[PDB]
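A short write-up of the structure that comes next.
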Amino acid sequence: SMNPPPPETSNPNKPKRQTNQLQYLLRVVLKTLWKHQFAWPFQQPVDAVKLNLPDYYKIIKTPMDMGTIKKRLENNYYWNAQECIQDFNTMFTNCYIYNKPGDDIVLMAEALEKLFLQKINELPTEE
Ligand SMILES: COc1cc(Nc2nccc(Nc3ccc4c(C)n[nH]c4c3)n2)cc(OC)c1OC
Ligand SMILES: [Cl-]
């Protein structure tokens, strides 16, 4: 297949915590972006086979998507909020690497990223 194995959503050896910040990332940030009208391309790994993107995984070596992030949050996969924020950042910046200006996906990513940043600016202080 053109598609690599998807990023893991669990691993017994991953060190894991629950924090109020991670809870906010699931209950507010992910939830808000998941229900957005532009979420749909980002709700699962890029399927380069079905979508006829034979160079996608030639260019993008650290893929990420919100389906993966959602499952990671549900599985308490993260050690801290920063690890989760980094996955969102990877998701957005992969688009800015792969796509060109004006592409549908890049305009959608930009809108979701603006909203992400607005929600992350209200991340609670860790208790
Ligand atoms: C095709 O490019 C990406 C698709 C996706 N993801 C995705 N998931 C399900 C359906 C779907 N259809 C779909 C979207 C857009 C288009 C354009 C334009 N032409 N045909 C298209 C079909 N797409 C994610 C991506 O990056 C995160 C992409 O950009 C590399
Ligand atoms: Cl992915």
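Residues: numbered from 1 along the sequence shown. The basis for the numbers below is simple: all heavy atoms, side chains too, and nothing from hydrogens, waters or symmetry mates. First listed ligand is number 1; within each ligand, the first listed atom is number 1.
We find that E74 and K70 are joined by a salt bridge, their nearest charged nitrogen and carboxylate oxygen being less than 4.0 Å apart. Classification of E83 and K14 as a salt-bridged pair holds, one side-chain N sitting under 4.0 Å from a carboxylate O. Under 4.0 Å is where a charged nitrogen must lie from a carboxylate oxygen, and between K100 and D103 at least one such pair does. Salt-bridge annotation for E8 and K71: absent, with no side-chain N of the basic residue lying under 4.0 Å from a carboxylate O of the acidic one.
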Return a table of N or O atom pairs, ligand 1 on one side and protein on the other, at distances under 3.5 Å, rounded to 0.1 Å.
from	atom 1	to	atom 2	distance (Å)
ligand 1	6 (N)	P41	O	3.0
ligand 1	8 (N)	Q44	NE2	3.2

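Take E113 and apply the side-chain hydrogen bond (donor to acceptor under 3.5 Å, both in side chains) test, not counting sequence neighbours, and it matches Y96.
Scanning all heavy atoms of the two residues, the minimum distance from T90 to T62 falls at CG2-O, 3.1 Å.
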